Amino acid sequence: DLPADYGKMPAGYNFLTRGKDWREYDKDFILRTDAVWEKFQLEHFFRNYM
Amino acid sequence: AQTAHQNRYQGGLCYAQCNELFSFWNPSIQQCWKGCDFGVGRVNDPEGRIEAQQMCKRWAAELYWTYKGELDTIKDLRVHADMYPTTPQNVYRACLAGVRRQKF
Amino acid sequence: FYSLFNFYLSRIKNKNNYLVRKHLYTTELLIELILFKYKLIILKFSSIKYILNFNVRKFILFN
Amino acid sequence: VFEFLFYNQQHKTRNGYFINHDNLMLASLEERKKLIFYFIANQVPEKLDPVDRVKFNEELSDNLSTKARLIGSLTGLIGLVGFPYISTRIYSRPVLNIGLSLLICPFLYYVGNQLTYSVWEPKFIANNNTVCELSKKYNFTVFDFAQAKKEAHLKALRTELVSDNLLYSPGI
Amino acid sequence: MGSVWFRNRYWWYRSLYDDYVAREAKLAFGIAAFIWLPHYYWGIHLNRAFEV
Amino acid sequence: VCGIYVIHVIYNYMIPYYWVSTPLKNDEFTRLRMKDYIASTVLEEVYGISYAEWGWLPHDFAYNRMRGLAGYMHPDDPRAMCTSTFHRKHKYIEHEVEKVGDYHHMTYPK
Amino acid sequence: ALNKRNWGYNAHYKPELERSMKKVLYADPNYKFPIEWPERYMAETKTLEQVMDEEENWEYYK
Amino acid sequence: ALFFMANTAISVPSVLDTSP
Amino acid sequence: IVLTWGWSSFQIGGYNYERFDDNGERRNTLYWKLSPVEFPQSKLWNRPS
Amino acid sequence: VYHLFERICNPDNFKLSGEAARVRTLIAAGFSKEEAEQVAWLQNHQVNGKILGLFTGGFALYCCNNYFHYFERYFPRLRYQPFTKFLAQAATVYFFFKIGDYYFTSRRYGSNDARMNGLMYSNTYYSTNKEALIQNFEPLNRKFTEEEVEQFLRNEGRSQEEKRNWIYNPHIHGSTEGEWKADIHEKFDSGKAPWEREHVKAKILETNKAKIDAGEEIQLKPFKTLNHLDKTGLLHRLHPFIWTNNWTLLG
Amino acid sequence: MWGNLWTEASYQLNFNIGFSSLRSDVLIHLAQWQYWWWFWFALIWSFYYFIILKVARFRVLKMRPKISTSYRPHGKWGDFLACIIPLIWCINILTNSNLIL
Amino acid sequence: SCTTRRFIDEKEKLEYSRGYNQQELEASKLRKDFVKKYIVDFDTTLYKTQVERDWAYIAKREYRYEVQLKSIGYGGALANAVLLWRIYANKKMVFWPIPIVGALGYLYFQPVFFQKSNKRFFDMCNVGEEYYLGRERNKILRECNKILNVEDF
Amino acid sequence: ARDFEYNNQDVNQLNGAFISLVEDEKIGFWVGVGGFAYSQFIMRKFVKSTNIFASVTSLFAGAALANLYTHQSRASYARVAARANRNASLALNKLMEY
Amino acid sequence: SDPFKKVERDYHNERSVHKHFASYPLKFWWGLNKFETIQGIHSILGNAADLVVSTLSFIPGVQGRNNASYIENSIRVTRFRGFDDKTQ
Ligand SMILES: CCCCCCCCCCCCCCCCCC(=O)OC[C@H](COP(=O)([O-])OCC(O)COP(=O)([O-])OC[C@@H](COC(=O)CCCCCCCCCCCCCCCCC)OC(=O)CCCCCCCCCCCCCCCCC)OC(=O)CCCCCCCCCCCCCCCCC
Ligand SMILES: CCCCCCCCCCCCCCCCCC(=O)OC[C@H](COP(=O)([O-])OCC(O)COP(=O)([O-])OC[C@@H](COC(=O)CCCCCCCCCCCCCCCCC)OC(=O)CCCCCCCCCCCCCCCCC)OC(=O)CCCCCCCCCCCCCCCCC
Ligand SMILES: CCCCCCCCCCCCCCCCCC(=O)OC[C@H](COP(=O)([O-])OCC[N+](C)(C)C)OC(=O)CCCCCCCCCCCCCCCCC
Ligand SMILES: CCCCCCCCCCCCCCCCCC(=O)OC[C@H](COP(=O)([O-])OCC[N+](C)(C)C)OC(=O)CCCCCCCCCCCCCCCCC
Ligand SMILES: CCCCCCCCCCCCCCCCCC(=O)OC[C@H](COP(=O)([O-])OCC[N+](C)(C)C)OC(=O)CCCCCCCCCCCCCCCCC
Ligand SMILES: CCCCCCCCCCCCCCCCCC(=O)OC[C@H](COP(=O)([O-])OCC[N+](C)(C)C)OC(=O)CCCCCCCCCCCCCCCCC
Ligand SMILES: COC1=C(OC)C(=O)C(C/C=C(\C)CC/C=C(\C)CC/C=C(\C)CC/C=C(/C)CC/C=C(/C)CC/C=C(\C)CC/C=C(\C)CCC=C(C)C)=C(C)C1=O
Ligand SMILES: CCCCCCCCCCCCCCCCCC(=O)OC[C@H](COP(=O)(O)OCCN)OC(=O)CCCCCCCCCCCCCCCCC
Ligand SMILES: CCCCCCCCCCCCCCCCCC(=O)OC[C@H](COP(=O)(O)OCCN)OC(=O)CCCCCCCCCCCCCCCCC
Ligand SMILES: CCCCCCCCCCCCCCCC(=O)OC[C@H](COP(=O)(O)O)OC(=O)CCCCCCCCCCCCCCC
């Protein structure tokens with residue numbers, strides 16, 4: 001059951017993730033087999049375009 | 001151009017009522033047609049009718065620059081034949097008129 | 001495979017000897033084929049109504 | 001001259017495809033459960049777990065399906081007896097003999113398979129320990145039977161629709 | 001495909017021009033049935049290039 | 001055909017030009033817009049969008065659809081009133097819009 | 001009913017992640033957006049100081 | 001016109017975004 | 001002179017041009033999805049322009 | 001003899017059978033009246049091409065059988081082998097049959113234009129209905145749970161014409177008034193199907209864990225053929241033919 | 001050259017025959033229209049080939065002159081029938097032109 | 001992309017002339033079986049999502065041009081050569097070789113062209129793991145990567 | 001566990017029709033056997049025809065005789081079962097509709 | 001063999017072609033069940049086979065049909081009930 005205050009910002013909350021474990025978010029996104037190639041193409045295009 | 005039908009005859013009685021409401025050269029008929037499209041499937045519901053009216057406010061806001069409170073402070077919401085869509089209030093009033101004319 | 005083997009056997013038997021009594025089943029099949037050919041000729045050269053009347057009369061005579 | 005020639009008809013008198021509510025109404029509780037399970041296993045195996053599917057398929061092949069196939073093959077061989085049917089030392093009439101075999105043998109196969117099913121399917125359904133145990137385990141209901149019947153008819157329709165095109169079908 | 005639809009074919013020729021070029025017109029169909037294929041197929045490739 | 005076309009041009013473009021020639025005290029804009037409507041909304045340069053697929057390919061049609069909506073966004077435009085709607089899918093094949101009217105913005109077709 | 005369409009009105013975020021808190025907040029009947037959709041595209045009239053004061057005094061519904 | 005282009009390549013689909 | 005050369009010369013040329021010259025494509029580009037398309041030959045040089 | 005006389009002289013024999021036979025057969029099979037109508041229409045459309053092709057082939061043979069004799073000029077095989085002529089006639093009949101089947105069953109993709117939809121210039125309606133059915137058809141691979149069966153039994157007597165007045169009796173319903181009202185609203189008034197409840201889904205998953213381990217997906221919602229078949233084409237947003245309709249679809 | 005982004009739109013060579021650039025949507029439509037304009041001439045071109053061939057082979061006095069006994073023409077609607085082809089040309093021009101406009 | 005298409009075609013030609021080893025042949029067989037089952041011998045329109053239906057057809061259409069049409073041309077060319085031989089031998093027109101030899105040529109040339117361009121057809125089906133076709137595509141890719149002890153996109 | 005219960009009236013009507021049909025089929029098997037035997041006897045003694053043709057004719061005569069005997073119960077049970085199936089299908093669809 | 005693979009559910013396998021062209025000429029005979037005479041012939045043959053099995057049931061391992069059981073009678077009587085060739 002919800003804590004009756006779900007979505008409430010905790011007092012003094014700071015938008016930091018210095019010591020967060022990112023391994024829990026792996027199943028929330030899907031990357032294609034050519035992610036590495038896309039990464040280089042994205043860098044190449046941005047450098048030569050912007 | 002921005003309505004839901006390729007010609008005004010495809011539109012039902014609401015388009016015909018829009019033509020009757022305004023003069024033949026008055027381009028507020030198109031805004032009335034937009035009100036008809038917004039009111040399709042909503043006029044026969046108490047919450048739907050309010051939703052269609054809110055759709056008119058957004059439609060007027062996106063067409064013309066407007067401030068917060070102008071549409072709420074409109075004095076008369078009635079429309080005459082020679083009312084043209086030169087201001088958000090006229091567009092909003094025309095859009096509301098089409099929603100009222102819409103039957104289904 | 002079966003068709004090839006049986007065709008070869010039939011050809012060999014026919015070319016070797018032919019004055020041998022054959023099986024009743026095969027003889028009846030050949031009789032039926034010949035009668036079917038004759039009946040096809042009759043139907044081609046006769047009317048369906050006439051065929052029906054003749055068959056009805058023959059059946060009545062048989063009864 | 002009509003559908004009975006160019007439409008699928010081999011699934012309408014086998015594998016319990018003819019089981020409907022009329023049998024279930026007169027059937028007792030245990031017999032109703034057995035009939036529903038048999039129909040579901042034959043027509044919509046997806047409702048069964050893989051182990052149950054394999055076991056039921058093996059039992060069906062052993063008892064009814066493969067047995068009927070074997071009997072139909074035997075009847076087809078009986079038809080093939082005497083081949084070539086008409087021939088002589090001059091001509092062999094290969095095309096005529098092939099046509100006669102094509103017309104006669106599959107008819108005998110179908111007759112034998114239908115006879116095997118009509119004879120053994122009721123006995124298999126009534127007096128099969130595996131079918132009884134699995135029916136008791138699953139305990140299907142009338143709602144399940146109706147859903148299975150609709151799904152089986154939809155499956156037959158889908159098979160016919162997919163088989164509609166078999167020579168040329170680019171897709172667009 | 002032209003004069004055949006008319007039951008007064010002499011009128012068909014007289015009423016159009018009073019000239020007779022039917023022989024060449026009806027012979028041209030055979031050549032015209034295949035002279036366009038290379039153009040049509042290349043156009044399909046060209047249309048796809050525009051679509052891409 | 002030319003004579004009929006010329007007569008239509010005269011009816012729309014020549015005679016109405018003389019109706020108003022001086023400033024008008026009452027409803028000047030309404031009276032000026034009355035005579036302008038018949039000339040600016042002729043079907044010669046309005047009709048065609050209903051059959052836009054004759055020249056616009058599916059992907060071209062989608063790009064032109066958003067171009068047209070932006071171009072004819074001004075509410076005070078009798079020509080846009082008489083123009084066929086841009087809120088429709090290519091009759092052959094649509095690649096961007098799945099349902100007509102299911103947008104994320106009342107003006108942008110996407 | 002068949003011809004009913006939203007026409008790009010109130011096209012707010014539609015969360016897809018199962019554990020996103022938006023998927024529950026928007027499902028809550030008593031959820032108030034920061035600004036109404038029609039007003040989200042209209043020019044602001046209040047002065048900067050007034051806007052800051054209103055936001056400071058703003059209280060979450062829960 | 002009606003079929004002046006004589007062909008339409010409806011097969012060519014909208015390019016699918018492949019960004020990570 | 002009249003029919004077969006004029007109705008096939010351009011298409012032959014365009015097909016060969018694509019075969020050996022990549023329809024005149026300028027290489028050294030990135031992400032063909034975003035790059036513009038170099039169209040094959042479309043202006044009939046055999047037909048008087 | 002009385003029953004034989006009945007069979008011979010039944011007025012139903014003289015009466016011409018209609019197309020309701022398919023609908024009745026489908027209803028007996030289990031399809032609803034509307035689902036039965038849609039499936040019957042689909043089958044009729046599928047078989048009409050074959051029937052028309054057979055009729056056309058028969059008519060063509062009955063008319064131009066003399067062409068087979070005429071072609072003996074170039075193919076004396078027909079003249080000197082009647083079996084060849086019979087094979088040629090059968091081939092012609094099959095060719096007409098295939099032409100009809102292609103016309104009425106082949107995809108024959110066409111535009112979704114109200115100006116020509118339904119004219120048979122393209123097999124759009126049949127193609128779209130077949131594609132939707134095949135794509136979205138997935139047999140229910142579950143066993144209806146006890147809660148689902150109980151809800152189906154309790155649904156007896158419900159009618160959308162007038163909502164039932166639910167009255168809370170603590171001695172037979174238990175729980176509290178508010179909780180019972182919320183549960184009843186979820187079960188009946190809300191229109192939510194039994195399989196959409198979280199506990200029902202959890203029980204389904206627990207029961208079918210073996211299939212989940214084997215890698216088979218469990219379909220919570222049973223297939224609804226009425227939600228994918230529409231002979232009118234409105235479900236798939238196919239614009240009705242202009243001249244036979246007085247309304248327009250947005251698309 | 002705005003950076004590595006080559007913004008040049010025209011790369012026509014010394015003996016260019018086509019449009020200078022094909023990036024513009026207007027020129028693409030014109031290029032596609034012109035290509036298909038030439039396509040719809042198969043029957044006409046073949047017809048003129050045969051009449052040219054016939055006249056050059058048999059209509060000379062040497063081969064097969066014909067006694068033209070016709071006094072006056074009698075055409076009444078050949079002009080209307082012939083004008084279908086230019087009519088289609090006008091329709092194609094109007095349709096393509098208007099869509100661009 | 002015409003430059004890419006030419007490069008891919010030339011790469012396949014060089015590889016075919018080079019030959020294949022045990023590992024490459026095994027990987028090719030897996031790709032060829034996957035493509036035939038999911039693309040060539042399946043109605044692409046029966047998939048769920050529009051994206052996979054469109055891209056699956058693009059792969060199917062590409063296969064038809066690069067294998068079926070090419071094989072028919074090569075098969076016909078062989079049949080025509082035999083037809084010319086028989087015509088000269090018999091000093092008349094013979095029609096039997098056209099069907100029979102054309103079918104034999106198509107059966108001979110289809111496997112070689114399929115082997116030549118098996119990788120291209122397999123790669124074009126990488127719609128994404130979110131779809132059934134892409135998921136099966138990824139599964140075969142992992143198996144091929146394991147067999148070849150390399151990584152491919 | 002509770003389960004859908006069919007209409008008692010339909011169940012009783014089906015029971016009667018089923019009993020009648022079972023009895024009629026049991027009698028009709030022997031009726032057809034006797035008809036086949038009689039037709040074979042007549043063909044072999046009075047009709048000059050092929051043995052295979054005579055056997056086929058006798059089998060068809062026996063089948064026709066059995067069908068004539070058993071048609072009434074077959075048709076009655078068929079119609080009763082069809083009506084029961086339609087009623088049950090409609091009731092179940094109404095219950096499960098969502 | 002591996003019947004597990006065949007049993008396993010697959011989207012492509014389920015939606016693929018199961019009946020090919022060659023099967024139609026070899027299986028069109030099953031449509032003869034529409035005819036009452038054919039149904040009667042099949043019923044007679046099945047009853048004769050059942051009688052033979054019952055007579056030979058004296059040997060161990062063979063069991064004939066028992067009229068007491070409802071299922072056997074129901075199946076044997078409703079095999080051809082409601083047959084319709086026009087509905088798939
Ligand atoms: C200068 C140098 C440089 C040049 C530069 C390039 C050029 C620039 C030029 C620019 C200027 C352009 C000017 C253009 C205008 C020019 C006009 C001019 O000078 O000419 C005047 C010239 C004057 O007329 P004409 O051409 O002399 O008139 C004669 C007709 O044209 C002739 O036609 P006809 O019909 O009278 O005669 C033929 C007739 C001959 O036949 C008969 O008459 C016989 C009766 C018919 C029946 C026959 C069959 C019977 C069979 C019996 C059974 C057999 C045994 C069984 C075997 C089978 C079964 C076993 O054939 C038929 O009618 C039957 C044909 C049937 C085929 C169609 C059926 C299709 C479906 C079949 C399917 C089969 C496959 C199934 C597959 C299924 C699955 C895929 O043309 C005009 O009239 C002006 C036309 C202007 C344009 C409008 C066009 C439409 C109007 C009609 C005319 C169309 C044709 C002619 C067009 C002109 C070009 C060819
Ligand atoms: C040696 C050989 C070796 C060979 C080796 C190689 C072997 C190779 C392998 C071969 C394997 C082959 C295996 C398969 C072979 C067997 C297949 C099979 O089952 O076939 C037998 C198949 C068995 O049928 P069934 O399933 O037992 O019949 C159902 C029972 O009738 C059940 O029906 P129901 O009783 O519930 O209702 C009908 C009622 C009778 O109630 C009626 O009145 C029915 C009326 C229906 C509508 C009539 C409309 C007529 C107007 C024109 C059409 C209008 C459009 C609508 C048409 C709707 C369809 C009828 O019938 C009765 O109760 C009659 C008493 C029964 C005992 C008498 C039996 C007589 C024959 C059965 C047909 C009788 C039809 C009579 C029609 C009316 C005459 C007054 O028999 C037939 O096909 C029927 C008999 C044959 C008719 C031949 C017609 C030839 C053309 C005549 C043209 C000229 C006249 C046209 C006008 C009509 C006359 C006025
Ligand atoms: C005897 C047969 C009689 C047939 C009946 C029709 C012919 C009647 C006699 C000739 C006059 C025809 C006038 C038609 C148009 C009238 C209205 C009008 O101009 O506005 C609509 C349209 C103008 O539309 P618009 O753009 O002004 O649209 C107005 C509406 N808003 C503002 C919302 C856009 O007219 C035209 O477009 C005229 C173009 C010029 C050419 C017209 C040719 C018409 C077709 C040929 C007819 C030939 C008849 C020959 C008869 C004798 C020989 C047989
Ligand atoms: C009554 C008179 C009516 C006159 C009508 C007006 C006619 C106008 C057109 C006249 C054309 C004359 C023929 C031109 C042939 C050009 C061939 C050519 O270069 O290929 C073009 C085309 C161009 O191919 P391409 O691949 O080079 O493409 C052009 C270049 N790129 C690639 C950059 C686009 O090639 C072909 O057609 C290839 C096959 C040619 C086969 C035939 C060769 C014939 C050679 C000349 C004739 C034989 C020599 C002796 C002649 C003696 C005469 C007495
Ligand atoms: C070896 C010595 C030979 C001596 C020579 C004479 C031999 C005579 C042999 C007679 C054999 C009779 C066998 C009957 C078998 C019945 C089978 C059966 O179930 O049938 C039920 C059917 C009736 O079916 P039903 O559907 O009405 O009812 C079924 C029965 N219940 C309801 C109880 C379940 O009876 C028939 O129709 C049988 C006859 C069929 C047609 C052939 C008739 C031939 C004789 C015609 C004589 C006409 C005389 C003139 C009449 C003038 C009238 C104005
Ligand atoms: C009352 C006014 C008419 C009704 C409203 C329509 C008017 C606007 C459109 C008319 C022109 C359409 C042209 C389309 C492009 C094709 C051009 C073309 O092929 O021209 C070269 C052709 C001849 O050139 P060709 O010889 O190259 O032809 C092509 C040859 N093959 C296919 C071998 C490559 O000229 C014509 O005769 C074309 C006539 C138009 C096309 C008709 C096809 C049959 C369809 C039914 C027509 C019924 C009449 C009404 C029109 C149909 C819609 C209602
Ligand atoms: C489908 O097919 C078709 C087409 O597609 C290919 C078409 O495009 C077309 C459209 C085509 C047309 C409308 C026609 C286009 C034009 C055509 C065919 C003709 C073009 C001809 C040329 C380009 C040739 C160039 C012309 C010339 C005159 C060259 C002459 C050459 C030479 C070597 C002569 C040089 C001599 C001199 C300069 C003079 C020297 C001598 C003297 C001064 C005098 C000497 C005197 C003494 C005494 C010594 C058609 C019809 C078609 O059917
Ligand atoms: C009035 C009485 C007749 C009424 C019905 C008339 C039907 C006309 C159509 C052809 C009928 C052929 C004989 C009966 C076949 C019955 C089974 C059948 O039709 O199966 C279907 C199949 C063709 O179906 P198709 O549309 O291609 O596939 C779609 C599948 N979804 O079928 C076939 O492919 C079979 C036919 C293939 C083509 C054969 C051409 C030559 C003729 C061969 C006849 C058989 C040999 C006979 C030899 C001995 C007798 C002479
Ligand atoms: C099944 C496997 C076993 C082997 C069989 C294979 C069957 C293959 C598929 C069907 C083949 C059909 C052709 C059969 C042989 C040729 C029949 C024939 O002669 O047909 C032409 C005939 C014209 O008659 P004609 O003698 O020329 O009369 C001249 C009048 N001036 O006209 C006719 O008589 C009409 C022929 C119609 C053919 C069938 C057309 C399809 C629809 C049939 C509907 C039912 C017709 C019932 C007719 C009953 C007649 C008693
Ligand atoms: C030296 C000693 C050698 C002894 C050899 C003995 C061989 C015995 C087996 C023979 C072949 C049996 C095949 C069984 C196929 C089968 O049932 O395969 C299984 C399938 C199952 O399909 P169904 O589920 O519809 O029954 O059967 C069919 O599809 C039936 C098709 C028709 C079969 C007719 C058989 C007739 C007799 C043989 C001739 C066939 C002609 C075919 C067309 C030209």
# chains A, B, ... in the order shown; residues from 1 in each chain; ligands from 1

$ residues_near_ligand --ligand "ligand 1" --cutoff "6 Å" --atoms "only C-alpha atoms and all ligand atoms" --output "list in words"
residues 1, 2, 3, 4, 20, 21, 22, 25, 26 and 28 of chain E; 43, 44, 45, 47, 48, 81, 82, 84 and 85 of chain K

$ residues_near_ligand --ligand "ligand 6" --cutoff "9 Å" --atoms "only C-alpha atoms and all ligand atoms" --output "JSON, numbers by chain"
{"E": [29, 32, 33, 34, 35, 36, 37, 40], "H": [1, 2, 3, 4, 5, 6], "K": [37, 38, 39, 40, 41, 42, 43, 44, 45, 46, 84, 85, 87, 88, 89, 90, 91, 92, 95]}

$ residues_around --residues "residue 23 of chain C" --least-positions-apart "4" --cutoff "9 Å" --atoms "only C-alpha atoms" --output "PyMOL selection string"
(chain C and resi 27-28) or (chain D and resi 82)

$ interface_residues --of "chain B" --to "chain F" --cutoff "9 Å" --atoms "only C-alpha atoms" --output "CSV table (one decimal) with N, CA and C atoms, in the first residue's frame"
chain,number,residue,atom,x,y,z
B,1,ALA,N,-9.9,24.5,-44.0
B,1,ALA,CA,-8.5,24.1,-44.1
B,1,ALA,C,-8.1,23.4,-42.8
B,2,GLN,N,-8.5,23.9,-41.6
B,2,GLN,CA,-8.2,23.3,-40.3
B,2,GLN,C,-9.3,22.5,-39.7
B,3,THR,N,-10.4,22.3,-40.5
B,3,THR,CA,-11.5,21.6,-40.0
B,3,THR,C,-11.3,20.1,-40.2
B,4,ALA,N,-12.2,19.2,-39.9
B,4,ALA,CA,-12.1,17.8,-40.0
B,4,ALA,C,-12.6,17.1,-41.2
B,5,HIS,N,-13.2,17.9,-42.1
B,5,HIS,CA,-13.9,17.4,-43.3
B,5,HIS,C,-13.3,18.1,-44.6
B,6,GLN,N,-13.1,17.3,-45.6
B,6,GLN,CA,-12.6,17.8,-46.9
B,6,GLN,C,-13.4,18.9,-47.5
B,7,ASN,N,-14.7,18.9,-47.2
B,7,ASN,CA,-15.6,20.0,-47.7
B,7,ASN,C,-16.7,20.2,-46.7
B,8,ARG,N,-17.3,21.3,-46.7
B,8,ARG,CA,-18.4,21.7,-45.7
B,8,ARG,C,-19.6,20.8,-45.9
B,24,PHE,N,-21.9,35.1,-45.4
B,24,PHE,CA,-21.1,34.3,-46.3
B,24,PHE,C,-19.7,34.7,-46.5
B,25,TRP,N,-19.4,36.0,-46.3
B,25,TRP,CA,-18.0,36.4,-46.4
B,25,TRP,C,-17.3,36.4,-45.1
B,26,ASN,N,-18.0,36.1,-44.0
B,26,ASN,CA,-17.4,36.2,-42.7
B,26,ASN,C,-16.5,34.9,-42.4
B,27,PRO,N,-15.2,35.0,-42.2
B,27,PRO,CA,-14.4,33.8,-42.0
B,27,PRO,C,-14.5,33.2,-40.6
B,28,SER,N,-15.3,33.8,-39.8
B,28,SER,CA,-15.6,33.1,-38.5
B,28,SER,C,-16.4,31.8,-38.6
B,29,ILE,N,-16.9,31.5,-39.8
B,29,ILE,CA,-17.6,30.3,-40.0
B,29,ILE,C,-16.6,29.1,-39.8
B,30,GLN,N,-15.3,29.3,-40.2
B,30,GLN,CA,-14.4,28.2,-40.0
B,30,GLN,C,-14.1,27.9,-38.5
B,31,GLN,N,-14.1,29.0,-37.7
B,31,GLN,CA,-14.0,28.8,-36.3
B,31,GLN,C,-15.2,28.1,-35.7
B,55,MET,N,-11.6,23.3,-24.8
B,55,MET,CA,-10.9,23.1,-26.1
B,55,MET,C,-11.0,24.4,-26.9
B,58,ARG,N,-8.2,26.8,-25.6
B,58,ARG,CA,-6.9,26.5,-26.1
B,58,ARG,C,-6.8,26.8,-27.6
B,59,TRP,N,-7.8,26.5,-28.3
B,59,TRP,CA,-7.8,26.8,-29.8
B,59,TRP,C,-7.6,28.2,-30.1
B,62,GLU,N,-4.0,29.3,-29.1
B,62,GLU,CA,-2.9,28.9,-30.1
B,62,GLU,C,-3.0,29.7,-31.4
B,63,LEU,N,-4.2,30.2,-31.7
B,63,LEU,CA,-4.3,30.9,-33.0
B,63,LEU,C,-3.8,32.4,-32.8
B,64,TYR,N,-4.1,33.0,-31.7
B,64,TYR,CA,-3.7,34.4,-31.4
B,64,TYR,C,-3.0,34.5,-30.1
B,82,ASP,N,-21.7,40.0,-38.4
B,82,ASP,CA,-20.5,40.7,-38.8
B,82,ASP,C,-19.3,40.6,-37.8
B,84,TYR,N,-15.9,39.0,-36.8
B,84,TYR,CA,-14.8,38.4,-37.5
B,84,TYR,C,-13.7,37.9,-36.5
B,85,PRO,N,-13.0,36.8,-36.9
B,85,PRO,CA,-12.0,36.2,-36.0
B,85,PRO,C,-10.7,37.0,-36.0
B,86,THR,N,-10.8,38.3,-35.7
B,86,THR,CA,-9.6,39.2,-35.6
B,86,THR,C,-9.0,39.3,-34.2
B,91,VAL,N,-12.6,34.6,-31.8
B,91,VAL,CA,-12.4,33.2,-32.1
B,91,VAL,C,-13.0,32.3,-31.1

$ residues_near_ligand --ligand "ligand 4" --cutoff "6 Å" --atoms "only C-alpha atoms and all ligand atoms" --output "ChimeraX atom specification"
/I:1-2,9,12-14,16-17

$ write_last_selection --atoms "N, CA, C and O atoms" --output "short mmCIF file (atom, residue, chain, number, x, y, z; two decimals), in the first residue's frame"
data_model
loop_
_atom_site.label_atom_id
_atom_site.label_comp_id
_atom_site.auth_asym_id
_atom_site.auth_seq_id
_atom_site.Cartn_x
_atom_site.Cartn_y
_atom_site.Cartn_z
N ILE I 1 16.41 4.77 -85.31
CA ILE I 1 16.52 6.22 -85.23
C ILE I 1 15.33 6.81 -84.49
O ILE I 1 15.47 7.79 -83.75
N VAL I 2 14.15 6.23 -84.66
CA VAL I 2 12.90 6.86 -84.25
C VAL I 2 12.44 6.38 -82.88
O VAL I 2 12.17 7.19 -81.99
N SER I 9 17.59 4.93 -74.62
CA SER I 9 18.95 5.44 -74.43
C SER I 9 19.12 6.06 -73.05
O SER I 9 20.08 5.76 -72.33
N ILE I 12 19.03 3.48 -70.26
CA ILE I 12 20.29 2.74 -70.27
C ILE I 12 21.39 3.58 -69.63
O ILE I 12 22.17 3.09 -68.80
N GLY I 13 21.48 4.85 -70.01
CA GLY I 13 22.51 5.71 -69.45
C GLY I 13 22.37 5.89 -67.95
O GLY I 13 23.35 5.80 -67.21
N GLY I 14 21.15 6.15 -67.49
CA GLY I 14 20.94 6.30 -66.06
C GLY I 14 21.28 5.04 -65.29
O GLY I 14 21.88 5.10 -64.22
N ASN I 16 23.42 2.65 -66.16
CA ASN I 16 24.88 2.52 -66.12
C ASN I 16 25.50 3.54 -65.19
O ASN I 16 26.47 3.24 -64.48
N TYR I 17 24.97 4.77 -65.18
CA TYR I 17 25.52 5.80 -64.31
C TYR I 17 25.41 5.39 -62.84
O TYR I 17 26.33 5.61 -62.05
#

$ residues_near_ligand --ligand "ligand 10" --cutoff "7 Å" --atoms "only C-alpha atoms and all ligand atoms" --output "list in words"
residues 10, 69, 72, 73, 76, 77, 80, 101, 102, 105, 106 and 109 of chain D; 23, 26 and 27 of chain N
